[PDB]
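**Q** Here goes the first bit of my complex:
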Amino acid sequence: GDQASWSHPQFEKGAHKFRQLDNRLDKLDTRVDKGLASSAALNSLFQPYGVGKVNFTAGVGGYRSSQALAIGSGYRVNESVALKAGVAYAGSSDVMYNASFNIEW
Amino acid sequence: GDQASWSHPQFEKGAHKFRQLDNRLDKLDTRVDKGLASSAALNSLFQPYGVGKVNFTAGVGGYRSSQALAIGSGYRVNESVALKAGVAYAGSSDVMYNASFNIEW
């Protein structure tokens, strides 16, 4: 039983199975921790005004116990239609890209 | 050992256990990939102005290697109080709903 809490070794091949599963779960949670932190940072922008010019959006964020840096840019044309798109950098292999559009009803 | 990398079969019933766990993990990660993509797309809006009318917010996004479509709408009354709410459609069984409010301090 390894030390006490873990206790991966179970059978002739249960130790490798338990370790593999435990490693996969930790990897999923990690991607969500950093992935959410970066995504939020990007979704935390909104471009300050924009009657017909370009605006730079960027910022950092954090989730649970992780941190990520997100960036982006969009062009705010007129006061009726809009558009925003940027990329977020989380951890190492956790990258995401956004692209939405705002409109007045 | 299946092919080489996988190697699900372990014992008399380890093959089914390893496959079930591997399938569950992949399903969790998937929901996060599309779920985050859609959520972000919705959170990437902000409604262009709004002194006392309605605004339509919609857009698409992507995370890691997935894509989702999000939509929403809110009424921007006055220049002090606000409100935004919309729904996001990710994958197939990945739907989320938002509803927040902005205020000037």
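**A** Received it, and whenever you're ready, just let me know what you need. Numbers count the residues shown, from 1 in each chain, chains lettered A, B, ... in the order given.
**Q** residues from chain A in reach of chain B?
**A** With CB under 8 Å from any CB of the partner chain as the criterion, chain A meets chain B at residues A:11-14, A:17, A:21, A:24-25, A:28, A:31-32, A:35-36, A:39-40, A:42-43, A:46-47, A:50, A:76, A:79-82, A:84, A:94-105. For the C-beta atoms, the positions are set from N, CA and C on the backbone; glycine is no exception.
**Q** can you tell me which of these are in helices?
**A** Cross-referencing the residues of chain A next to chain B against helices under DSSP state H gives A:14, A:17, A:21, A:24-25, A:28, A:31-32, A:35-36, A:39-40, A:42-43.
**Q** one step back: show the buried residues in the residues of chain A next to chain B.
**A** A:17, A:21, A:24, A:31-32, A:35-36, A:39-40, A:42-43, A:46-47, A:50, A:76, A:82, A:84, A:94-104 (16 or more other CB atoms under 10 Å in any protein chain shown).
**Q** What residues of the helix or strand harbouring residue A:69 count as buried?
**A** Taking DSSP states H and E as the definition, residue A:69 sits inside strand A:66-77. Buried residues in strand A:66-77, counted by 16+ other CB under 10 Å: A:66, A:68, A:70-72, A:74, A:76.
**Q** next one: stretch A:46-58
**A** Using 16+ other CB under 10 Å as the test for burial, stretch A:46-58 gives A:46-47, A:50, A:55, A:57.
**Q** here's chain C, drop it onto the model above:
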Amino acid sequence: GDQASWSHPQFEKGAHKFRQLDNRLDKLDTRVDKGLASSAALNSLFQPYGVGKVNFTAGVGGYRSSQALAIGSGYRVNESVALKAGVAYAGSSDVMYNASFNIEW
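**A** Adding chain C to the chains above:
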């Protein structure tokens, strides 16, 4: 086989291994459900205007089949530079913090 669907018990110690893994997966998905709901709620704000004052941002959200409450606040100085930062409360042990900045290009 427990009841039918579950069927955790497999070997002399497979029941405990299957239960532990199944419990971990459910815990990961949970953190993502509430974590995404709260994060979105916070990222669903944008501060209504701000030429040189403070703005309070807060709201709730939901993902899949969960609900969370998020809050935050930032100071909107001038009509070129900006900043937003807040904290989101999800479930019980699912807390996140954001902090980004907007700028006109």
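**Q** back to the buried residues of strand A:66-77, now that we've got chain C?
**A** A:66-74, A:76.
**Q** Make JSON lines from the residues you listed and add distance to chain C to it.
**A** Converted to JSON lines, the buried residues of strand A:66-77 look like this (distance: CB to the nearest CB, whole Å):
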{"residue": "A:66", "distance to chain C": "9"}
{"residue": "A:67", "distance to chain C": "9"}
{"residue": "A:68", "distance to chain C": "11"}
{"residue": "A:69", "distance to chain C": "10"}
{"residue": "A:70", "distance to chain C": "7"}
{"residue": "A:71", "distance to chain C": "10"}
{"residue": "A:72", "distance to chain C": "10"}
{"residue": "A:73", "distance to chain C": "7"}
{"residue": "A:74", "distance to chain C": "9"}
{"residue": "A:76", "distance to chain C": "9"}
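**Q** Okay, now the sheet partners of the strand holding residue A:69, with direction.
**A** If you go by DSSP bridges, strand A:66-77 pairs up with strand A:52-63 (antiparallel), strand A:84-90 (antiparallel).
**Q** gap between the closest residue in space to residue A:2 that isn't next to it in sequence and residue C:92?
**A** The shortest distance from residue A:2 to any non-neighbouring residue, by CB to CB, 6 or more residues apart in numbering or on different chains, is to residue A:8 (5.5 Å). In this view, residue A:8 and residue C:92 are 28 Å apart by CB to CB, to the nearest Å.
**Q** which one of those two has more residues nearby?
**A** Higher neighbour count among residue A:8 and residue C:92: residue A:8, with 17 against 7, using other CB atoms under 10 Å in any protein chain shown.
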